[PDB]
file coords39.csv (CSV, C-alpha atoms)
chain,number,residue,atom,x,y,z
A,1,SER,CA,60.3,192.1,-123.5
A,2,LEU,CA,59.7,191.4,-119.8
A,3,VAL,CA,59.8,194.0,-117.0
A,4,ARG,CA,62.2,193.4,-114.1
A,5,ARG,CA,62.2,195.7,-111.1
A,6,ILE,CA,64.2,195.8,-107.8
A,7,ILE,CA,62.1,195.9,-104.6
A,8,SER,CA,63.4,198.1,-101.8
A,9,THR,CA,61.8,199.2,-98.5
A,10,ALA,CA,63.2,200.9,-95.4
A,11,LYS,CA,60.7,198.8,-93.5
A,12,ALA,CA,63.0,195.7,-93.9
A,13,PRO,CA,66.7,195.3,-93.3
A,14,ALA,CA,68.7,197.1,-96.0
A,15,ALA,CA,70.4,194.9,-98.6
A,16,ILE,CA,74.1,195.7,-98.1
A,17,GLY,CA,76.3,194.3,-100.8
A,18,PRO,CA,75.7,192.5,-104.2
A,19,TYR,CA,72.1,191.6,-103.6
A,20,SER,CA,68.5,192.9,-103.4
A,21,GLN,CA,65.7,192.5,-100.9
A,22,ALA,CA,63.5,191.1,-103.6
A,23,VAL,CA,63.4,191.0,-107.4
A,24,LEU,CA,60.2,191.2,-109.4
A,25,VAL,CA,60.5,189.7,-112.8
A,26,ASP,CA,57.5,189.6,-115.1
A,27,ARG,CA,54.9,188.4,-112.6
A,28,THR,CA,57.2,186.5,-110.2
A,29,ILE,CA,58.8,187.9,-107.0
A,30,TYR,CA,61.9,186.3,-105.6
A,31,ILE,CA,62.6,187.4,-102.0
A,32,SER,CA,66.0,187.1,-100.4
A,33,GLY,CA,66.3,184.9,-97.3
A,34,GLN,CA,65.2,187.0,-94.3
A,35,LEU,CA,66.6,186.6,-90.8
A,36,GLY,CA,65.0,187.9,-87.5
A,37,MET,CA,66.8,191.2,-88.0
A,38,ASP,CA,65.3,194.5,-86.8
A,39,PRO,CA,65.2,196.9,-89.8
A,40,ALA,CA,66.5,199.8,-87.6
A,41,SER,CA,69.3,198.3,-85.4
A,42,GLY,CA,70.3,195.8,-88.1
A,43,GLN,CA,70.6,193.4,-85.2
A,44,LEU,CA,68.7,190.2,-84.5
A,45,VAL,CA,65.8,190.7,-82.1
A,46,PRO,CA,66.2,189.1,-78.7
A,47,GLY,CA,64.1,186.2,-77.5
A,48,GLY,CA,65.4,183.2,-79.6
A,49,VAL,CA,64.0,181.4,-82.6
A,50,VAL,CA,60.3,182.2,-81.9
A,51,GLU,CA,60.8,186.0,-81.9
A,52,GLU,CA,63.3,185.7,-84.8
A,53,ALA,CA,60.7,183.9,-86.8
A,54,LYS,CA,58.1,186.6,-86.2
A,55,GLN,CA,60.6,189.3,-87.3
A,56,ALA,CA,61.7,187.3,-90.3
A,57,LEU,CA,58.1,187.0,-91.4
A,58,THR,CA,57.5,190.7,-90.6
A,59,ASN,CA,60.4,191.6,-92.8
A,60,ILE,CA,58.9,189.4,-95.6
A,61,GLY,CA,55.6,191.1,-95.1
A,62,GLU,CA,57.1,194.6,-95.6
A,63,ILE,CA,58.9,193.5,-98.7
A,64,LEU,CA,55.7,192.0,-100.1
A,65,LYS,CA,54.0,195.3,-99.2
A,66,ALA,CA,56.5,197.3,-101.3
A,67,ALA,CA,55.7,195.0,-104.2
A,68,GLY,CA,52.0,195.6,-103.9
A,69,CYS,CA,51.4,192.1,-102.4
A,70,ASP,CA,50.6,190.5,-99.1
A,71,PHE,CA,51.0,187.0,-97.6
A,72,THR,CA,48.3,185.6,-99.9
A,73,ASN,CA,50.5,186.0,-102.9
A,74,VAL,CA,53.2,183.6,-101.5
A,75,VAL,CA,53.3,180.4,-103.5
A,76,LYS,CA,56.5,178.9,-102.1
A,77,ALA,CA,58.7,179.3,-99.0
A,78,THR,CA,61.7,177.6,-97.5
A,79,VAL,CA,62.2,177.5,-93.8
A,80,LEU,CA,65.8,177.1,-92.7
A,81,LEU,CA,66.4,176.1,-89.1
A,82,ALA,CA,69.5,176.0,-87.0
A,83,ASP,CA,67.9,173.3,-84.9
A,84,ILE,CA,65.3,170.8,-86.3
A,85,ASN,CA,63.8,170.7,-82.8
A,86,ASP,CA,62.4,174.2,-83.2
A,87,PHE,CA,60.3,172.9,-86.1
A,88,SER,CA,57.1,172.8,-84.1
A,89,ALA,CA,57.4,176.2,-82.5
A,90,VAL,CA,58.3,177.9,-85.8
A,91,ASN,CA,55.4,176.1,-87.5
A,92,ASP,CA,53.0,177.6,-85.0
A,93,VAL,CA,54.5,181.1,-85.5
A,94,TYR,CA,54.4,180.5,-89.3
A,95,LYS,CA,50.7,179.7,-89.4
A,96,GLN,CA,49.9,183.1,-87.8
A,97,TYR,CA,50.6,184.8,-91.1
A,98,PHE,CA,48.5,182.7,-93.4
A,99,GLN,CA,44.7,182.1,-93.5
A,100,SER,CA,44.3,179.5,-96.2
A,101,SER,CA,45.6,178.4,-99.6
A,102,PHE,CA,49.0,177.9,-97.9
A,103,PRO,CA,52.2,178.1,-100.0
A,104,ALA,CA,54.2,175.0,-100.9
A,105,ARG,CA,57.1,174.6,-98.5
A,106,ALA,CA,60.3,172.9,-97.5
A,107,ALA,CA,61.8,172.9,-94.0
A,108,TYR,CA,65.0,171.4,-92.6
A,109,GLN,CA,68.0,172.1,-90.5
A,110,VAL,CA,71.2,173.6,-91.9
A,111,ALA,CA,74.6,173.7,-90.2
A,112,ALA,CA,74.7,177.4,-89.6
A,113,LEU,CA,73.0,180.7,-90.6
A,114,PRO,CA,74.4,184.2,-91.0
A,115,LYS,CA,74.9,186.3,-87.8
A,116,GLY,CA,74.1,183.2,-85.7
A,117,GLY,CA,70.5,183.4,-86.6
A,118,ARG,CA,68.2,180.5,-85.5
A,119,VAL,CA,66.0,180.7,-88.5
A,120,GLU,CA,66.0,182.2,-92.0
A,121,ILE,CA,63.0,182.2,-94.4
A,122,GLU,CA,62.9,182.7,-98.2
A,123,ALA,CA,59.9,182.9,-100.5
A,124,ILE,CA,58.6,183.3,-103.9
A,125,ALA,CA,55.4,185.3,-104.7
A,126,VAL,CA,53.3,186.0,-107.7
A,127,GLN,CA,51.8,189.4,-108.3
A,128,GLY,CA,48.0,189.5,-108.4
A,129,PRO,CA,45.3,189.4,-109.4
A,130,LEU,CA,45.1,185.6,-108.9
A,131,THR,CA,42.2,183.3,-109.5
A,132,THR,CA,42.5,180.8,-106.8
A,133,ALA,CA,41.7,177.1,-107.3
B,1,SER,CA,52.3,175.1,-125.7
B,2,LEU,CA,55.5,176.2,-123.9
B,3,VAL,CA,59.0,175.6,-125.3
B,4,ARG,CA,61.5,173.7,-123.1
B,5,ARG,CA,65.1,173.4,-124.0
B,6,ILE,CA,68.0,171.5,-122.3
B,7,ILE,CA,71.1,173.7,-122.1
B,8,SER,CA,74.5,172.1,-122.6
B,9,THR,CA,78.0,173.5,-123.0
B,10,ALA,CA,81.5,172.1,-123.2
B,11,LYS,CA,82.7,175.3,-121.4
B,12,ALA,CA,81.2,174.0,-118.1
B,13,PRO,CA,81.4,170.6,-116.3
B,14,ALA,CA,79.4,167.9,-118.0
B,15,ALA,CA,76.2,166.8,-116.5
B,16,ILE,CA,77.1,163.1,-115.8
B,17,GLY,CA,74.0,161.3,-114.8
B,18,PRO,CA,70.2,162.1,-114.6
B,19,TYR,CA,70.4,165.9,-114.8
B,20,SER,CA,71.1,168.8,-117.1
B,21,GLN,CA,73.4,171.8,-116.7
B,22,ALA,CA,70.3,173.9,-117.0
B,23,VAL,CA,66.7,173.9,-118.2
B,24,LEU,CA,65.2,176.8,-120.1
B,25,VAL,CA,61.4,176.7,-120.0
B,26,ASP,CA,59.4,179.6,-121.5
B,27,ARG,CA,61.8,182.3,-120.5
B,28,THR,CA,63.0,181.1,-117.0
B,29,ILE,CA,66.3,179.3,-116.7
B,30,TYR,CA,66.9,176.9,-113.9
B,31,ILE,CA,70.6,176.3,-113.5
B,32,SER,CA,71.9,173.2,-111.7
B,33,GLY,CA,74.1,173.8,-108.6
B,34,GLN,CA,77.7,174.5,-109.7
B,35,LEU,CA,80.9,173.6,-107.8
B,36,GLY,CA,84.4,174.9,-108.6
B,37,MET,CA,85.1,172.1,-111.1
B,38,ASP,CA,87.3,172.3,-114.2
B,39,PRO,CA,85.1,172.0,-117.3
B,40,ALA,CA,87.4,169.7,-119.2
B,41,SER,CA,88.8,167.9,-116.1
B,42,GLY,CA,85.6,167.6,-114.1
B,43,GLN,CA,87.8,167.8,-111.0
B,44,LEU,CA,87.7,170.3,-108.2
B,45,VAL,CA,90.1,173.1,-108.8
B,46,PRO,CA,92.9,173.5,-106.2
B,47,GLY,CA,93.3,176.6,-104.0
B,48,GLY,CA,90.3,176.4,-101.7
B,49,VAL,CA,87.0,178.3,-101.4
B,50,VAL,CA,88.1,181.5,-103.2
B,51,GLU,CA,89.4,179.5,-106.2
B,52,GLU,CA,86.3,177.2,-106.2
B,53,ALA,CA,84.0,180.3,-106.1
B,54,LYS,CA,85.7,181.8,-109.1
B,55,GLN,CA,85.4,178.6,-111.1
B,56,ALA,CA,81.8,177.9,-110.0
B,57,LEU,CA,80.8,181.4,-111.2
B,58,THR,CA,82.7,181.0,-114.4
B,59,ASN,CA,80.9,177.8,-115.0
B,60,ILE,CA,77.6,179.6,-114.4
B,61,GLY,CA,78.7,182.4,-116.8
B,62,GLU,CA,79.2,179.8,-119.6
B,63,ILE,CA,75.9,178.1,-118.9
B,64,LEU,CA,74.1,181.5,-119.2
B,65,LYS,CA,76.1,182.2,-122.4
B,66,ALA,CA,74.9,179.0,-124.0
B,67,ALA,CA,71.4,180.1,-123.2
B,68,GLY,CA,71.8,183.5,-124.7
B,69,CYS,CA,72.2,185.2,-121.4
B,70,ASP,CA,74.8,186.9,-119.2
B,71,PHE,CA,75.0,187.7,-115.5
B,72,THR,CA,72.5,190.6,-115.9
B,73,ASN,CA,69.7,188.0,-116.4
B,74,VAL,CA,70.2,186.4,-113.0
B,75,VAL,CA,67.3,187.1,-110.7
B,76,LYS,CA,68.0,184.7,-107.8
B,77,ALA,CA,71.1,183.0,-106.5
B,78,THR,CA,71.7,180.5,-103.6
B,79,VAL,CA,75.2,180.3,-102.1
B,80,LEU,CA,75.8,177.1,-100.2
B,81,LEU,CA,78.9,177.0,-98.0
B,82,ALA,CA,80.9,174.3,-96.2
B,83,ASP,CA,81.8,177.0,-93.7
B,84,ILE,CA,79.7,180.1,-92.9
B,85,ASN,CA,83.0,181.9,-92.1
B,86,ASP,CA,84.0,181.9,-95.8
B,87,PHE,CA,81.1,184.1,-96.7
B,88,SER,CA,83.1,187.4,-97.0
B,89,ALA,CA,85.7,185.7,-99.1
B,90,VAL,CA,83.0,184.4,-101.4
B,91,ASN,CA,81.1,187.6,-101.4
B,92,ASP,CA,84.1,189.6,-102.6
B,93,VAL,CA,84.4,187.2,-105.6
B,94,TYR,CA,80.6,187.2,-106.2
B,95,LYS,CA,80.4,191.0,-106.4
B,96,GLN,CA,82.8,191.1,-109.4
B,97,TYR,CA,80.1,189.7,-111.6
B,98,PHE,CA,77.3,192.2,-111.0
B,99,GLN,CA,77.1,196.0,-111.6
B,100,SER,CA,73.5,196.7,-110.4
B,101,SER,CA,70.0,195.3,-110.1
B,102,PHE,CA,71.5,192.6,-108.0
B,103,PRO,CA,69.8,189.1,-107.8
B,104,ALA,CA,67.8,188.2,-104.7
B,105,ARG,CA,70.0,186.0,-102.6
B,106,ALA,CA,70.2,183.4,-99.8
B,107,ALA,CA,73.4,182.1,-98.2
B,108,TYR,CA,74.1,179.6,-95.4
B,109,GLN,CA,76.2,176.7,-94.3
B,110,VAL,CA,75.2,173.2,-95.2
B,111,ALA,CA,76.7,170.0,-93.7
B,112,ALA,CA,78.6,168.8,-96.8
B,113,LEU,CA,78.8,169.4,-100.6
B,114,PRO,CA,79.6,166.9,-103.3
B,115,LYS,CA,83.2,166.0,-103.8
B,116,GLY,CA,84.2,167.8,-100.6
B,117,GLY,CA,83.5,171.1,-102.3
B,118,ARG,CA,83.8,174.3,-100.2
B,119,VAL,CA,81.1,176.3,-102.1
B,120,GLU,CA,78.2,175.7,-104.5
B,121,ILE,CA,76.0,178.1,-106.3
B,122,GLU,CA,72.7,177.6,-108.0
B,123,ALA,CA,70.9,180.4,-109.8
B,124,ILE,CA,67.7,181.3,-111.6
B,125,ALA,CA,67.8,183.5,-114.7
B,126,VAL,CA,65.2,185.0,-117.0
B,127,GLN,CA,66.0,185.3,-120.7
B,128,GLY,CA,65.9,188.9,-121.9
B,129,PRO,CA,65.1,191.4,-123.4
B,130,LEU,CA,64.6,192.7,-119.9
B,131,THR,CA,63.6,196.3,-119.0
B,132,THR,CA,64.3,197.4,-115.5
B,133,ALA,CA,62.5,200.2,-113.6
C,1,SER,CA,45.7,190.1,-116.5
C,2,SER,CA,44.5,187.5,-114.1
C,3,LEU,CA,46.5,184.4,-113.4
C,4,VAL,CA,45.2,181.0,-112.1
C,5,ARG,CA,46.5,179.7,-108.7
C,6,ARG,CA,45.3,176.3,-107.6
C,7,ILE,CA,46.1,174.2,-104.6
C,8,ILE,CA,47.1,170.6,-105.5
C,9,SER,CA,45.8,168.0,-103.1
C,10,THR,CA,45.8,164.2,-103.3
C,11,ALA,CA,45.0,161.5,-100.7
C,12,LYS,CA,47.6,159.4,-102.5
C,13,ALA,CA,50.4,161.5,-101.1
C,14,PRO,CA,51.3,162.3,-97.4
C,15,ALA,CA,48.9,164.8,-95.9
C,16,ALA,CA,50.4,168.3,-95.5
C,17,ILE,CA,49.9,168.6,-91.7
C,18,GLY,CA,51.5,172.0,-91.1
C,19,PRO,CA,50.5,175.2,-92.7
C,20,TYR,CA,51.5,174.3,-96.3
C,21,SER,CA,50.0,172.6,-99.4
C,22,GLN,CA,51.4,169.5,-101.1
C,23,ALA,CA,51.9,171.7,-104.2
C,24,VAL,CA,50.8,175.0,-105.7
C,25,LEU,CA,50.0,175.5,-109.4
C,26,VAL,CA,50.4,179.2,-110.4
C,27,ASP,CA,49.9,180.1,-114.1
C,28,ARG,CA,51.7,177.0,-115.4
C,29,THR,CA,54.4,176.5,-112.9
C,30,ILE,CA,54.0,173.9,-110.1
C,31,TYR,CA,55.9,174.4,-106.9
C,32,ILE,CA,56.0,171.1,-105.0
C,33,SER,CA,56.6,170.8,-101.3
C,34,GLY,CA,59.6,168.8,-100.2
C,35,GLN,CA,58.7,165.2,-99.9
C,36,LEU,CA,60.0,162.7,-97.4
C,37,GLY,CA,59.7,158.9,-97.7
C,38,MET,CA,56.5,158.9,-95.8
C,39,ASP,CA,53.6,156.4,-96.2
C,40,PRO,CA,50.5,158.3,-97.4
C,41,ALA,CA,48.1,156.3,-95.1
C,42,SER,CA,50.2,156.4,-91.9
C,43,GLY,CA,52.0,159.6,-92.3
C,44,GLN,CA,55.0,157.8,-90.9
C,45,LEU,CA,58.4,157.1,-92.5
C,46,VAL,CA,58.7,153.9,-94.6
C,47,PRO,CA,61.1,151.3,-93.0
C,48,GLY,CA,64.3,150.2,-94.8
C,49,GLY,CA,66.6,153.1,-94.9
C,50,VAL,CA,67.5,155.9,-97.3
C,51,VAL,CA,66.9,153.8,-100.4
C,52,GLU,CA,63.4,152.8,-99.5
C,53,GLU,CA,62.6,156.4,-98.4
C,54,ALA,CA,63.9,157.8,-101.7
C,55,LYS,CA,61.6,155.5,-103.7
C,56,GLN,CA,58.6,156.5,-101.6
C,57,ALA,CA,59.5,160.2,-101.8
C,58,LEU,CA,59.6,160.0,-105.6
C,59,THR,CA,56.4,158.0,-105.8
C,60,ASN,CA,54.9,160.6,-103.5
C,61,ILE,CA,56.0,163.3,-105.9
C,62,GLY,CA,54.6,161.2,-108.7
C,63,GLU,CA,51.1,161.1,-107.3
C,64,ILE,CA,51.3,164.9,-106.7
C,65,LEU,CA,52.2,165.5,-110.4
C,66,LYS,CA,49.4,163.2,-111.6
C,67,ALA,CA,46.9,165.1,-109.6
C,68,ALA,CA,48.1,168.2,-111.4
C,69,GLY,CA,47.8,166.4,-114.8
C,70,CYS,CA,51.5,165.9,-115.1
C,71,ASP,CA,54.1,163.2,-115.0
C,72,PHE,CA,57.8,163.1,-114.4
C,73,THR,CA,58.6,164.6,-117.8
C,74,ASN,CA,57.2,167.9,-116.5
C,75,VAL,CA,59.8,168.4,-113.8
C,76,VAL,CA,62.3,171.1,-114.7
C,77,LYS,CA,64.2,171.4,-111.4
C,78,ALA,CA,64.8,169.2,-108.4
C,79,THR,CA,66.7,169.5,-105.1
C,80,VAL,CA,67.8,166.4,-103.3
C,81,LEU,CA,68.4,167.0,-99.5
C,82,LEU,CA,70.5,164.2,-97.9
C,83,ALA,CA,71.1,163.4,-94.2
C,84,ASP,CA,74.4,161.9,-95.3
C,85,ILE,CA,76.3,162.9,-98.4
C,86,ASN,CA,77.6,159.4,-98.7
C,87,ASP,CA,74.1,158.2,-99.6
C,88,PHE,CA,74.2,160.2,-102.8
C,89,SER,CA,75.1,157.3,-105.0
C,90,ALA,CA,72.3,155.0,-103.7
C,91,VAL,CA,69.7,157.8,-103.9
C,92,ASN,CA,70.9,158.7,-107.5
C,93,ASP,CA,70.4,155.1,-108.7
C,94,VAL,CA,66.8,155.2,-107.6
C,95,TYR,CA,66.5,158.8,-109.0
C,96,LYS,CA,67.6,157.8,-112.5
C,97,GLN,CA,64.8,155.2,-112.7
C,98,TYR,CA,62.2,158.0,-112.8
C,99,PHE,CA,63.7,160.1,-115.6
C,100,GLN,CA,64.7,158.9,-119.1
C,101,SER,CA,65.5,162.1,-121.1
C,102,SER,CA,65.7,165.9,-120.9
C,103,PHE,CA,66.6,165.6,-117.2
C,104,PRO,CA,65.6,168.4,-114.8
C,105,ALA,CA,68.3,170.8,-113.5
C,106,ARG,CA,69.4,169.6,-110.0
C,107,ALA,CA,71.2,170.5,-106.8
C,108,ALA,CA,72.1,167.9,-104.2
C,109,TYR,CA,73.9,168.3,-100.9
C,110,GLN,CA,73.9,167.3,-97.2
C,111,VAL,CA,71.9,169.2,-94.6
C,112,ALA,CA,72.2,168.8,-90.8
C,113,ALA,CA,68.8,167.1,-90.3
C,114,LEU,CA,65.4,166.6,-91.9
C,115,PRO,CA,61.9,166.4,-90.3
C,116,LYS,CA,61.0,163.1,-88.6
C,117,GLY,CA,64.6,162.0,-88.8
C,118,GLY,CA,64.2,161.3,-92.5
C,119,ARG,CA,67.2,160.4,-94.5
C,120,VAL,CA,66.2,162.1,-97.8
C,121,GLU,CA,63.9,164.9,-98.9
C,122,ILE,CA,63.2,166.0,-102.4
C,123,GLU,CA,61.5,169.2,-103.6
C,124,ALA,CA,60.7,169.9,-107.2
C,125,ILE,CA,59.4,172.4,-109.7
C,126,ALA,CA,57.4,171.3,-112.7
C,127,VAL,CA,55.7,173.1,-115.6
C,128,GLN,CA,52.3,172.1,-116.9
C,129,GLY,CA,52.2,170.9,-120.5
C,130,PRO,CA,51.9,170.8,-123.4
C,131,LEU,CA,55.7,171.2,-123.6
C,132,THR,CA,57.7,171.2,-126.7
C,133,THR,CA,61.3,170.1,-126.1
call {"tool": "encode", "arguments": {"input": "coords39.csv", "output": "structure tokens"}}
result
Amino acid sequence: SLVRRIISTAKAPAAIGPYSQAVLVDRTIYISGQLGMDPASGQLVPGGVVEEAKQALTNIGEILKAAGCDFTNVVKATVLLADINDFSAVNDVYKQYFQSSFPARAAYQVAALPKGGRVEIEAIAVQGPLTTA
Amino acid sequence: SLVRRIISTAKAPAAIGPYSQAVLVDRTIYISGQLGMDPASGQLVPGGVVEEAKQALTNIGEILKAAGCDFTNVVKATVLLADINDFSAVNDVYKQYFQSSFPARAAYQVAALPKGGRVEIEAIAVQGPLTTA
Amino acid sequence: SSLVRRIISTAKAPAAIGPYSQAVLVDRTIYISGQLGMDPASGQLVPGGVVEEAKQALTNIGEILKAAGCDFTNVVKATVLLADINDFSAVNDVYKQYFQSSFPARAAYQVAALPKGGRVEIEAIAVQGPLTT
């Protein structure tokens, strides 16, 4: 018998429809893809891909928080871009949220994201305590 | 020593080539991406995205079945679309398979799917018994 | 209880330039970063086209698995990202040469673009043995 619980925080855009912000099953946390949406206005923050990336990571942070975790628990992330040329800029924003023991990752350009977003990020985390390498 | 088992069912399109319909390892189930293909035929069902979506999900339901699971065991799903504008049409179909404790999700438009498919869904499940909070 | 989380690193696989690790072992699951057909010593793509890149990408994944004490039989899920869906056949012929039985679950589709102009990228998930199938 494994425990499964739905993560939900008002500090991140509400999950409207048949999905959850994140699902914690046993020790693993699956987080839905996050866009650069402001939790309050439900709209994408202005500024373009760079600011959208900050918000998307902010949203991920709040979800991790609600699950008793922080960015150090992320083991895998997927960076979806609307334009492969934004790779470098998003990478520099991305590194602002991690110190070391970085997560495994995949990054590429898709044809289009919801709401005309320029970037969407999804991740997988493992609830602590963790005994690093 | 972890137990790994290859899932196979006649109720879903046959894995032709170097892959399996799904792999169950320990208690996590990795299900291969499913298109709206007829199990016996192996051909894309006519009708378009809405029809393909129903078939794809049906195929997933059978895979889960053959693994001793149902839709309540799904913790994460990815919805790949040929057109981001078919999301609502697909979402309406998708919601008919879940009652609560919805899976984490990510949806976006890719450039092209196999066989000119209009939608593809991959999912991750965790074999129960499962106790929610 | 405490879980082990180690960063996999090998000079025999392309260096992870950005803020990510080649792979992350957590408990017994190994999340491997998407691999391009890059030469480990130069960090640049291998000449020859999609087929040559695929071979290199898989050998890159091979070295990463080896450093984690695994081989291709430990892969339970793989995702093949293509720059052109029409290259699926050619990539699949190279792919089948690395797996003999109990193939991993899979998902394959075309994206808009990959880093460095690569023609193929493969990400995978493996589980540390001993595994009983």
call {"tool": "residues_near_point", "arguments": {"input": "coords39.csv", "point": "(63.9, 172.9, -82.5)", "cutoff": "12 Å", "atoms": "only C-alpha atoms", "output": "MDAnalysis selection string"}}
result
(chainID A and resid 48:50 80:91 107:110 118:119) or (chainID C and resid 113:116)
call {"tool": "atom_distance", "arguments": {"input": "coords39.csv", "atom1": "atom CA of residue C:50", "atom2": "atom CA of residue C:79"}}
result
15.7 Å
call {"tool": "closest_residue", "arguments": {"input": "coords39.csv", "among": "B:76, B:27, B:58, B:41", "to": "residue A:1", "atoms": "only C-alpha atoms"}}
result
B:27
call {"tool": "residues_around", "arguments": {"input": "coords39.csv", "residues": "residue C:124", "least_positions_apart": "4", "cutoff": "10 Å", "atoms": "all atoms listed in the file", "output": "list in words"}}
result
residues 23, 30, 31, 32, 33, 34, 35, 61, 75, 76, 77, 78, 79, 80, 104, 105 and 106 of chain C
call {"tool": "interface_residues", "arguments": {"input": "coords39.csv", "of": "chain A", "to": "chain C", "cutoff": "6 Å", "atoms": "all atoms listed in the file", "output": "number ranges by chain"}}
result
A: 95, 102-106, 108-111, 129-133
call {"tool": "interface_residues", "arguments": {"input": "coords39.csv", "of": "chain A", "to": "chain B", "cutoff": "10 Å", "atoms": "only C-alpha atoms", "output": "MDAnalysis selection string"}}
result
chainID A and resid 1:7 15 17:26 29:34 80 82 109:116 120:122
call {"tool": "residues_near_point", "arguments": {"input": "coords39.csv", "point": "(69.0, 157.1, -111.3)", "cutoff": "12 Å", "atoms": "all atoms listed in the file", "output": "PyMOL selection string"}}
result
(chain B and resi 16-19) or (chain C and resi 51+54-55+58+88-101+103)
call {"tool": "residues_around", "arguments": {"input": "coords39.csv", "residues": "residue A:44", "least_positions_apart": "5", "cutoff": "10 Å", "atoms": "all atoms listed in the file", "output": "list in words"}}
result
residues 35, 36, 37, 38, 39, 51, 52, 55, 56, 115, 116, 117 and 118 of chain A
call {"tool": "closest_residue", "arguments": {"input": "coords39.csv", "among": "B:53, B:79, B:66, B:45", "to": "residue B:93", "atoms": "all atoms listed in the file"}}
result
B:53
call {"tool": "atom_distance", "arguments": {"input": "coords39.csv", "atom1": "atom CA of residue C:125", "atom2": "atom CA of residue C:48"}}
result
27.2 Å
call {"tool": "atom_distance", "arguments": {"input": "coords39.csv", "atom1": "atom CA of residue A:64", "atom2": "atom CA of residue B:64"}}
result
28.5 Å
call {"tool": "closest_residue", "arguments": {"input": "coords39.csv", "among": "A:8, A:47, A:14, A:42", "to": "residue A:65", "atoms": "only C-alpha atoms"}}
result
A:8
call {"tool": "residues_around", "arguments": {"input": "coords39.csv", "residues": "stretch 63-74 of chain C", "least_positions_apart": "2", "cutoff": "6 Å", "atoms": "only C-alpha atoms", "output": "MDAnalysis selection string"}}
result
chainID C and resid 60:61 126:127
call {"tool": "decode", "arguments": {"input": "coords39.csv", "residues": "stretch 35-48 of chain C", "atoms": "C-alpha atoms", "output": "JSON list (two decimals), in the first residue's frame"}}
result
[["chain", "number", "residue", "atom", "x", "y", "z"],
["C", 35, "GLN", "CA", 21.48, 12.94, -25.54],
["C", 36, "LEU", "CA", 22.38, 14.37, -28.96],
["C", 37, "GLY", "CA", 24.81, 12.81, -31.42],
["C", 38, "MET", "CA", 27.67, 14.84, -29.95],
["C", 39, "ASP", "CA", 31.29, 13.76, -29.83],
["C", 40, "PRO", "CA", 32.41, 13.53, -26.18],
["C", 41, "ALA", "CA", 35.83, 15.11, -26.79],
["C", 42, "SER", "CA", 34.75, 17.99, -29.03],
["C", 43, "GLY", "CA", 31.25, 18.61, -27.73],
["C", 44, "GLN", "CA", 30.29, 19.15, -31.37],
["C", 45, "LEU", "CA", 27.84, 17.10, -33.45],
["C", 46, "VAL", "CA", 29.13, 14.09, -35.38],
["C", 47, "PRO", "CA", 29.11, 14.48, -39.19],
["C", 48, "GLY", "CA", 27.01, 12.21, -41.37]]
